Amino acid sequence: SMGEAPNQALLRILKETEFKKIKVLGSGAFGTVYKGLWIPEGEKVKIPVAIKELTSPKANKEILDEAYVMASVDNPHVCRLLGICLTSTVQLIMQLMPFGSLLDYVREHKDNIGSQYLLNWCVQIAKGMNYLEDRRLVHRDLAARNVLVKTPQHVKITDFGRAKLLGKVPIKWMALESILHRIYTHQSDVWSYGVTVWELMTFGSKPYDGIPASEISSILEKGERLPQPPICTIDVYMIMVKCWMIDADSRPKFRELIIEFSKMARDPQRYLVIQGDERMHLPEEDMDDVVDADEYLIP
Ligand SMILES: CC[C@H](C)Nc1cc(Nc2ccnc(-c3cnn(S(=O)(=O)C4CC4)c3)n2)ncc1C(=O)NCCC(F)F
Ligand SMILES: [Cl-]
């Protein structure tokens, strides 16, 4: 093989009759996502799924590139494609993530989220990202909105619509080299990881809230960064600031971020100061044959 190794991932094609749409979970620019059940025929098994749609030939091109990428990933902190359905609109059949986006989760449970959870989410995102780096894959769109929540203890990265091998763009999560020069490395995803961590530690604040995106390039060139969240010690903020260095190679590698955040995760109250940290706790069908996608494996 002249460069990359051959990608022997199986694209599984699912019948429309195998799965039942239940309700609409979300709708927007990204598309239409539905809650559903997948019942693979023969097997006494029911699999909670999210079904993503979007109509146009350019749109089928974009979602099949996303399907390509999700089909080729297998890590506990990255979402995989279960299959595709080839109806009039191409559907992506994915794992149901019951607690939704991590951005929406931190906003809704601001009063119940402890330091242990926040730091473990940072570990898990770093592991997910390091895996994508091992697969030579630049996400190009890491943010709290694109991290989903399987359980409060277990998050995964998704939205591979911008994912590429090493009009509208998410300026406020992007490294300076990406805004100025369209340069995207694993180290530009590290910048976005920093902003993602900032979202989590502020319980889902909008980064640069009020600033228009055309002004952001000059702001970052001047040396301005996102402010230190109230709960963050200097230890945690220094790691965020390190992700936002001008020099890309000077930023942390994802493997180092796993290490540092997991050290901090063993003594969470030393690194995040939250009022009342200790008392905080977190969590129609025949459910007998229900199996989560992580337990439904294929030969
Ligand atoms: C916020 C994302 C969407 C609307 N919500 C869900 C998505 C999923 N599954 C998966 C699995 C892998 N990838 C995706 C994926 C890919 N791209 N995107 S995206 O929408 O473009 C992205 C937000 C911009 C989502 N989704 N599971 C559950 C929910 C949900 O709403 N749970 C709350 C109620 C419960 F009853 F379900
Ligand atoms: Cl790949």
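Just the heavy atoms: all of them, side chains too, but no hydrogens, waters or symmetry mates, feed the values below. For the single chain, residues carry numbers from 1 onward in sequence order.
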Task: Test log, rule side-chain contact (heavy atoms from CB on, under 4.5 Å), inputs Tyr271 and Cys232 - done: CA-CA 7 Å; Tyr271 303 102; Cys232 292; over 6 Å; no
Task: Side-chain donor or acceptor of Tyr208 paired with backbone N/O of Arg225 under 3.5 Å - done: no
Task: Test salt bridge (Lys or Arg N to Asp or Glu O under 4.0 Å) applied to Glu177 and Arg251, step by step - done: CA-CA 13 Å; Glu177 73 271 24; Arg251 299 159 197 172; 2.9 Å; yes
Open item on the list: Take a 6.0 Å sphere around NZ of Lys172 and say whether it holds more than 12 heavy atoms from other residues, nucleotides or ligands.
Closed with: yes
Task: Distance-only polar pair, side chains of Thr185 and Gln187, donor-acceptor under 3.5 Å - done: no
Open item on the list: Any non-hydrogen side-chain atom of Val90 less than 4.5 Å from a side-chain atom of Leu54?
Closed with: no
Open item on the list: Looking at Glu4, I want to see if its CD is surrounded by more than 12 non-hydrogen atoms of other residues, nucleotides or ligands under 6.0 Å.
Closed with: yes
Open item on the list: Within this structure, what is the CG-CD1 distance for the pair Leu96 and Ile93, rounded to the nearest 0.5 Å?
Closed with: 13.0 Å
TODO: Examine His139 together with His186 and report whether their ring centres are nearer than 6.0 Å.
DONE: no
TODO: Evaluate whether atom CG of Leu166 has more than 12 neighbouring non-hydrogen atoms of other residues, nucleotides or ligands under 6.0 angstrom away.
DONE: yes
- [ ] Would you kindly say whether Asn120 and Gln116 are connected by a side-chain donor-acceptor distance under 3.5 Å?
- [x] yes
Task: More than 12 heavy atoms of other groups within 6.0 Å of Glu295 CD - done: yes
Task: Atom CG of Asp288 with >12 non-hydrogen neighbours under 6.0 angstrom - done: no
TODO: Taking salt bridge (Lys or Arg N to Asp or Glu O under 4.0 Å) as the test, write out the residues that go with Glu108, two or more places apart.
DONE: none
Open item on the list: Under a 4.0 Å threshold between the charged nitrogen and the carboxylate oxygen, would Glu66 count as salt-bridged to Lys52?
Closed with: yes
Task: Ion pair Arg145/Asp141, N-O distance below 4.0 Å - done: yes
Open item on the list: Ignoring hydrogens, what is the shortest heavy-atom contact between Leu119 and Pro268? Give both atom names and the distance.
Closed with: CD1-CA, 3.7 Å
Task: Identified side chain to side chain donor-acceptor pair (under 3.5 Å) counterpart of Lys156 within the set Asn146, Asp294, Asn75 - done: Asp294
Task: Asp159 bridged to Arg140 by N-O distance under 4.0 Å - done: no
Task: Polar side-chain atom of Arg255 near backbone of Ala126 as donor-acceptor pair, under 3.5 Å - done: no
- [ ] Cation-pi check, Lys21 to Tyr34: give yes when NZ or CZ is under 6.0 Å from the six-membered ring centre and within 45° of the ring axis, no otherwise.
- [x] yes
Task: Under 3.5 Å donor-acceptor, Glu199 side chain and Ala144 backbone - done: yes
TODO: Begin from the C-alpha positions of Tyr184 and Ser178 and carry the test side-chain contact (heavy atoms from CB on, under 4.5 Å) through to its verdict.
DONE: CA-CA 6 Å; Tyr184 290 98; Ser178 310; 3.6 Å; yes
TODO: Verify whether one side chain among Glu221 and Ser217 offers a donor that lies under 3.5 Å from an acceptor in the other.
DONE: no
Open item on the list: So, taking the atom named CG in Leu37 and the one named CD1 in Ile22, what distance separates them when rounded to the nearest 0.5 Å?
Closed with: 4.0 Å
Open item on the list: Between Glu260 and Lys263, does any side-chain N to carboxylate O distance fall below 4.0 Å?
Closed with: yes
TODO: If the plane angle is over 60° it's perpendicular, under 30° parallel, otherwise tilted; pick one for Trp121 and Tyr105.
DONE: perpendicular
- [ ] Applying side-chain hydrogen bond (donor to acceptor under 3.5 Å, both in side chains), name anything that partners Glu224, two or more places apart in sequence or on another chain.
- [x] none
Task: N-O pairing of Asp292 and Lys150 below 4.0 Å - done: yes
